[PDB]
Amino acid sequence: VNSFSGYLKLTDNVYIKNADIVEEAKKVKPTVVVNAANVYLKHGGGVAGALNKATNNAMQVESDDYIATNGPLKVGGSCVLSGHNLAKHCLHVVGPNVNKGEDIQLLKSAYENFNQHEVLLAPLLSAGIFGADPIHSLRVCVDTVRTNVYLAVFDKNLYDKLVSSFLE
Ligand SMILES: CC(C)[C@H](Nc1ncnc2[nH]c(-c3cnn(CC(=O)N(C)C)c3)cc12)c1ccc2c(c1)OCCO2
């Protein structure tokens, strides 16, 4: 478990790799995989759709029963549920969707959830169709997370831009 390999070390606790988070979860067998969730835990699109399909929809069935009784999460909040075949636990984290006018300042609160876990496999929060500046998201991660975080970014041009920008 937690067999991470091939990552660039950005800081003493933040690592990054150009990889699909689903393929990393299958290789690594992490204690925790982070999902780039939304408040009603509808696992479509982006990371969430890929993670749920890799569980053959088990993640969606569990998430629907959670939401039915507990209601939606808040932006910046999180929820631990089963990791199914991908991890021991899945930490569902809601970053702000700035393309839908949500508050970018809540991105810090979204990464603060990672500090409850010693080591995590995670995506870059609020990137992709959520619209945040990826360079900004990586800075908020580095400044906020104190535990060991292994970021999987599934886009070579974005990965190459993030690393170049970070190394300036
Ligand atoms: C910024 C981008 C690159 C990032 N996406 C990702 N980051 C890391 N691992 C990822 N895997 C996939 C994926 C999708 N489909 N598949 C199956 C596949 O390709 N097969 C051929 C079987 C794998 C996407 C992905 C991101 C991060 C956060 C976000 C966000 C997006 O969407 C909205 C919410 O927040």
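Residue numbers start at 1 and run along the sequence shown. These numbers come from the heavy atoms of this one structure, side chains and all, not from hydrogens, waters or symmetry mates.
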Contact check, side chains of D155 and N18, non-hydrogen atoms, under 4.5 Å: no

Flag side-chain contact, heavy atom, 4.5 Å: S63 against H43: yes

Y15 reachable from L125 in the ILVMFWY side-chain graph, under 4.5 Å edges: no

Less than 3.5 Å apart, which donor and acceptor atoms pair up between the side chains of residues 64-80 and the rest of the protein, not counting sequence neighbours?
{"from": "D64", "atom 1": "OD1", "to": "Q60", "atom 2": "NE2", "distance (Å)": "2.9"}
{"from": "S78", "atom 1": "OG", "to": "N113", "atom 2": "OD1", "distance (Å)": "2.9"}

Side chain to side chain donor-acceptor pair (under 3.5 Å) contacts in which one or both residues fall within residues 137-150, not counting sequence neighbours: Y111-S137

Selection residues 118-134 - residue pairs positive for side chain to side chain donor-acceptor pair (under 3.5 Å), sequence neighbours left out: none

Set of salt bridge (charged side-chain N to carboxylate O under 4.0 Å, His left out) partners for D160, sequence neighbours left out: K156

Pairs satisfying side chain to side chain donor-acceptor pair (under 3.5 Å), at least one member in residues 98-107, at least two apart: none

side-chain contact (heavy atoms from CB on, under 4.5 Å) evaluation trace for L121 with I21: CA-CA 8 Å; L121 170 59; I21 196 171; 3.8 Å; yes

Side-chain touch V32/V119, heavy atoms, less than 4.5 angstrom: no

Pairs where residues 81-93 contributes a residue and the test side chain to side chain donor-acceptor pair (under 3.5 Å) is met, not counting sequence neighbours: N35-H92, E62-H84

Partner residues of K26 under the salt bridge (charged side-chain N to carboxylate O under 4.0 Å, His left out) criterion, sequence neighbours left out: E23

Side chain to side chain, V153 and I16, heavy atoms closer than 4.5 Å: yes

By side-chain contact (heavy atoms from CB on, under 4.5 Å) - contacts of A36 (at least two apart): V47, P123

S165: side chain to side chain donor-acceptor pair (under 3.5 Å) partners, not counting sequence neighbours: none

Other cluster members, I129 - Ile/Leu/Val/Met/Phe/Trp/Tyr, side-chain contacts below 4.5 Å: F130

Spatial distance of atom CG (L167) from atom CG (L10) [nearest 0.5 Å]: 7.0 Å

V33 reachable from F154 in the ILVMFWY side-chain graph, under 4.5 Å edges: no

Side chain to side chain contact (heavy atoms under 4.5 Å, CB included), paired with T55, selected from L51, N52, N57: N52

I104 vs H136 side-chain heavy atoms within contact, under 4.5 Å: yes

Pairwise distance CG(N97) to CG(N38) - rounded to 0.5 angstrom: 9.0 Å

In one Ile/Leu/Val/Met/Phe/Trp/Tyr side-chain cluster, 4.5 Å: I135, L158: yes

Side-chain touch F114/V34, heavy atoms, less than 4.5 angstrom: yes

Hydrophobic cluster identity match, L86 and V93, side-chain contacts under 4.5 Å: no

More than 12 heavy atoms from other groups under 6.0 Å of NZ on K53: yes

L124 with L8, same ILVMFWY side-chain cluster at under 4.5 Å: yes

Listed once per pair and sorted, the salt bridge (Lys or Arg N to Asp or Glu O under 4.0 Å) pairs that draw on residues 9-22, sequence neighbours left out: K9-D12, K17-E24

side-chain contact (heavy atoms from CB on, under 4.5 Å) against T11, all qualifying residues, sequence neighbours excluded: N13, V14, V142, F166

